[PDB]
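Heads up, the thing below is written out as structure tokens.
Read the figures in this text as sums done on the coordinates, not as results from a lab. Virtual Cβ from ideal backbone geometry, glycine too; neighbours counted across all protein chains shown.
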RNA sequence: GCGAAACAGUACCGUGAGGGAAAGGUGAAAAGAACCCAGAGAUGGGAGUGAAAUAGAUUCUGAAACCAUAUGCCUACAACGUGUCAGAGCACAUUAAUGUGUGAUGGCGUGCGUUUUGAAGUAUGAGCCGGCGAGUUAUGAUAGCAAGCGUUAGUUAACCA
RNA sequence: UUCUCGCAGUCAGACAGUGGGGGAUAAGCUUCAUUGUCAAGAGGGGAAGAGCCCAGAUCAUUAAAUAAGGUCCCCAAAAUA
RNA sequence: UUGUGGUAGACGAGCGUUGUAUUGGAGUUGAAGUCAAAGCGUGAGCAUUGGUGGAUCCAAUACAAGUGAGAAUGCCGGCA
């Protein structure tokens, strides 16, 4: 169904301002640069186990 | 000191060089006028409008109050009728109220 | 007179236009009222009616 | 007007089942493409009627109060004889006239061809005929000369 | 002949709608809601000019009666004493503010007796 | 013109007060408490500044029920349910919670504002005798 | 400051870009570039690349320092869109709309430039009132 | 203003009769942004032209409506067309003006037009603004008013000047 | 308030009360005469209270006392016996 | 003194839109459009200055209305 009026800016912001983003995990690399997410492979290959991957 | 005087249609308690606003009374600015509509003459009260405690005052300035733009209308009708009324005001102060 | 001093000689009478004004009247009212035959395009009626 | 607009008009939608404005044609006198009911026609009379008695009275009073104007001195054949068709002599006169600010009318009835040839090179030179004039322009020139031989002639028409 | 009405109407409605401002959200960036706000403010000012005298007089009477009952008398008896005798010229707001003045109101206390 | 009445603002000064007069009917005590916590006894009164007083009450459950109201006095408090109304007995609220009865009375005799509920918060009435503000030297009074 | 890049007609929904720009505003170069790269969106990497290009412009072209620059402004305001018909059921139809935005980015070196505009406005009002008062002496 | 300045009955909408809009302003002048910056380039930025790129080509003014932002205020026990009249608190000192703006909190306070005896209305229709939109032209009479006129006053028609 | 001019708006009102009619003598029901109100014109109060009391409201005042009504508190104001 | 409750309804007088008929004055040392502000009036209005801005306007007297815009589920641009 629908009402007989419109929804102003304030109602939307009360809906939108609580849709705001949040923070994330982080992982400083202990052997290289290219700071990466936690529990994620750094973007320069050399990972803890080994260079499980590449830089690109 | 202190004295309640009557001027225009309002009362005011006046002290040394007391500045306040009163209703306009078709009087010039700067004149030293002695009012006889005064009471509370130094903690003394008079039924016949106690006098001989003269209060000489000087008008600080005159002016026009904010515009009273009355829109006389009826609800559920437009009936817009605007007219700007102005009630003149008067700023004044006592000089030394020589008694 | 002239094109900068043409003072009037007092011949100009009030003109009534029924479709103008809200604080000057002649609004929706238009000097006729709004009901019945008077609220339609029923002007210019035969005087024999 | 509404019915004199080129272009087909009809109801573009249905009467019911449409909560918008209902129109029997595309154009109405609330449109910005045509259809306004009330407008001008090339027949507005704007006709004022002036009586012959009133016309003569106006002529007489305007002439009489122009007699008292700044430019009231009389003219004759003399300046026509002296002047040529050249605007040179006309602007020499203007220099000697000292009345450049006035739009002086060279009102003549003899029609000296030098005046018609000349008298358009400055913002004050203008020559017209005598018998074909109007009171509006007669009092509007703010100054203009009169002829000496037409006194009884102007008296005749009053 | 086509009469110009583009800018002139803009200026007219700009003058008309200027009085509407300082409202919650957006009640001043339109015409009808702006008229609503302006007319409500005008009627509020009209009713103030009509009745703030009685409002302030009632407030002064209430406060003055509270002070009287602090001193040990009611407004009815006090005004009766002021009326039937003790011809004194003083207003309610000034009477209630005279308490702040040291002993000036107490002077009224011993003088207002019939 | 206008006297330009200005309110006395930005001042924190209220004394401490106590009363032990349980035994009299609800109405007079409730109206006196409402006047005391409202600011009806100030020569220099200010409605939008500290005006209400601080009254603590000791042994407020000694009130007796007068007249024929013994098995007649009850109050309505309806929770938004099916038959959620609560009907508590007057003859039992005397021994049971009675300070909240005075709270309800004074809150019913006050003008409904945020200041009204703040005045309600500014009242410390309890059935017992051991409290905390008695150490603040509460000036004993009665019916203010 | 410098490193500004106006981008009108960026065809994208403004419902999402302005919010993320507001979240991003108030961060340095690398600590924002890495998080933009660590996004599943389709705009953050391009915003980081544009920021790098703008920093290059500021440092090389204007000869700026590029030692304290941070994100001073990011917003996705109204953008002209393409609105055409779209079929529906029961023989009805609607108007589909593919929107755009007006991308604009500004950077600031100092935490200031919120009050420099205030000082400019103060100078403007002072010179305005000076004209007004020299007019008043003409009364 | 011709629907039709703008490549108009054009694109387009119907088989067919038929219907059908919008689209001018650079700079006096391209002297149209050479060289460089990041990039894949668009692009944006310098550099330069230039009176100026709020003169840089969606280049004649460039608003309202709208989209957002933070600077000074205060605000997350909160029952309010949310404002009035009072007034704390905060920042400035003027179109010198009962200083200017914001506003802790209190007495008070159901939007608009409609026909409606009566709608805040559970009747009505409207989000917004921009432009635009409704008592009309001629002819004839009546009446009021203003002007002339005179003791058959005046006006012309057609036609001519 | 008698006479001439004409622009009007108006025969779809309601209500408060009295005498009525139909009606249970109900009607937020209808129709008469009849005193007024809103309509054509508002305030306070009556818990909000259209026909209820003061009732007649150029404007401005933070001035005086009253009318109906109210005076334990809030919504004002009062007690004495 | 009557005074100003007052709907429709009747009565009177002004301001304003541009344009015209003009005497006058103002424009690259800026004319206008544009928007802000702690003025002026009794009302239709005058604005004062500033700036974006870039070549035409403004005061006064007479006349013309397609002459004063909130409602027509009014047309419609833009935009929620």
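What is the residue count in the range C:17-49 for residues that are more than 7 Å from RNA strand J (Cβ to nearest atom) and either surrounded by 10 or more Cβ atoms within 10 Å (Cβ to Cβ) or away from every other protein chain (no Cβ under 13 Å) (or both)?
Count: 21.
Being within 16 Å of RNA strand J (Cβ to nearest atom) and either surrounded by 10 or more Cβ atoms within 10 Å (Cβ to Cβ) or more than 14 Å from chain E (Cβ to nearest Cβ) (or both) is true for just one of D:71, D:78, D:51. Which residue is that?
D:71
Scan the range D:130-140 residue by residue and report those that are surrounded by 14 or more Cβ atoms within 10 Å (Cβ to Cβ) and within 16 Å of RNA strand H (Cβ to nearest atom).
Listed by number, the residues that qualify are D:130, D:133, D:135.
Can you tell me which of E:64, E:17, E:68 is surrounded by 13 or more Cβ atoms within 10 Å (Cβ to Cβ), more than 13 Å from chain B (Cβ to nearest Cβ) and within 14 Å of RNA strand J (Cβ to nearest atom)?
Going through E:64, E:17, E:68 in turn, just one is surrounded by 13 or more Cβ atoms within 10 Å (Cβ to Cβ), more than 13 Å from chain B (Cβ to nearest Cβ) and within 14 Å of RNA strand J (Cβ to nearest atom): E:17.
Being in contact (Cβ under 8 Å) with a residue 24 or more places away in the chain and within 17 Å of the chain's Cα centre (by Cα) narrows it down to one residue among E:113, E:92; which is it?
So the residue among E:113, E:92 that is in contact (Cβ under 8 Å) with a residue 24 or more places away in the chain and within 17 Å of the chain's Cα centre (by Cα) is E:92.
If a residue has to be surrounded by fewer than 17 Cβ atoms within 10 Å (Cβ to Cβ) and away from RNA strand H (no atom under 16 Å from the Cβ) to count, how many in the range E:95-108 make the cut?
The number of residues fulfilling the criteria is 6.
Before we move on, is residue G:27 within 14 Å of chain A (Cβ to nearest Cβ), surrounded by 14 or more Cβ atoms within 10 Å (Cβ to Cβ) and part of a loop (DSSP other than H, G, I, E, B)?
yes
Being in a loop (DSSP other than H, G, I, E, B) and more than 14 Å from chain C (Cβ to nearest Cβ) is the filter here; which residues of the range B:56-99 pass it?
Within the range B:56-99, B:65, B:66, B:67, B:75, B:86, B:87, B:95, B:96, B:97, B:98, B:99 qualify.
Report, by residue number, each residue of the range E:20-48 that is exposed (fewer than 13 other Cβ atoms within 10 Å of the Cβ) and within 13 Å of RNA strand I (Cβ to nearest atom).
Answer for the range E:20-48, where residues must be exposed (fewer than 13 other Cβ atoms within 10 Å of the Cβ) and within 13 Å of RNA strand I (Cβ to nearest atom): E:44, E:47, E:48.
State the number of residues belonging to the range G:70-104 that are within 21 Å of residue G:18 (Cα to Cα) and away from RNA strand J (no atom under 16 Å from the Cβ).
Qualifying residue count, the range G:70-104: 6.
Which one of A:3, A:24, A:30 is within 16 Å of RNA strand H (Cβ to nearest atom), part of a loop (DSSP other than H, G, I, E, B) and out of contact with any strand residue (DSSP E or B) (no Cβ under 8 Å at 6 or more places or on another chain)?
A:3
Kindly establish whether residue F:48 is in a loop (DSSP other than H, G, I, E, B) and either buried (at least 20 other Cβ atoms within 10 Å of the Cβ) or away from chain E (no Cβ under 14 Å) (or both).
Against the criterion (in a loop (DSSP other than H, G, I, E, B) and either buried (at least 20 other Cβ atoms within 10 Å of the Cβ) or away from chain E (no Cβ under 14 Å) (or both)), residue F:48 does not qualify.
Of all the residues that make up the range E:96-105, how many are under 15 Å from residue B:45 (Cα atoms) and more than 10 Å from chain B (Cβ to nearest Cβ)?
1
Select from the range F:2-28 the residues that are buried (at least 16 other Cβ atoms within 10 Å of the Cβ) and either more than 14 Å from the chain's Cα centre (by Cα) or within 11 Å of RNA strand I (Cβ to nearest atom) (or both) and list them in ascending order.
Hits for the range F:2-28 are F:3, F:26.
Mind checking which residues of the range B:1-50 are free of Cβ contacts under 8 Å to residues at least 12 places away in the same chain, at the interface with another protein chain (Cβ under 7 Å from one of its Cβ atoms) and in a strand (DSSP E or B)?
B:11
Among residues belonging to the range F:87-102 that are part of a helix (DSSP H, G or I) and in contact with a strand residue (DSSP E or B) (Cβ under 7 Å, 6 or more places away or on another chain), point out the one that is farthest from residue F:20 (Cα to Cα).
The selected residue is F:90.
Testing residue D:59 on (1) under 30 Å from residue D:115 (Cβ atoms); (2) away from RNA strand H (no atom under 14 Å from the Cβ), one condition comes back false. Which one is that?
Status for residue D:59: all satisfied but (2).
Determine which member of the set G:76, G:48 is within 14 Å of chain A (Cβ to nearest Cβ), in contact (Cβ under 8 Å) with a residue 24 or more places away in the chain and either within 13 Å of RNA strand H (Cβ to nearest atom) or under 30 Å from residue D:18 (Cα atoms) (or both).
Only one candidate qualifies: G:76.
Looking at this structure, is residue D:19 away from RNA strand J (no atom under 11 Å from the Cβ) and over 34 Å from the mean Cα position of the chain (by Cα)?
Criteria not met by residue D:19.
Evaluate the range F:2-16: report whether one residue or more is more than 14 Å from every other protein chain (Cβ to nearest Cβ), assigned to a strand (DSSP E or B) and closer than 23 Å to residue F:133 by Cα.
Taking every residue of the range F:2-16 in turn, at least one turns out to be more than 14 Å from every other protein chain (Cβ to nearest Cβ), assigned to a strand (DSSP E or B) and closer than 23 Å to residue F:133 by Cα.
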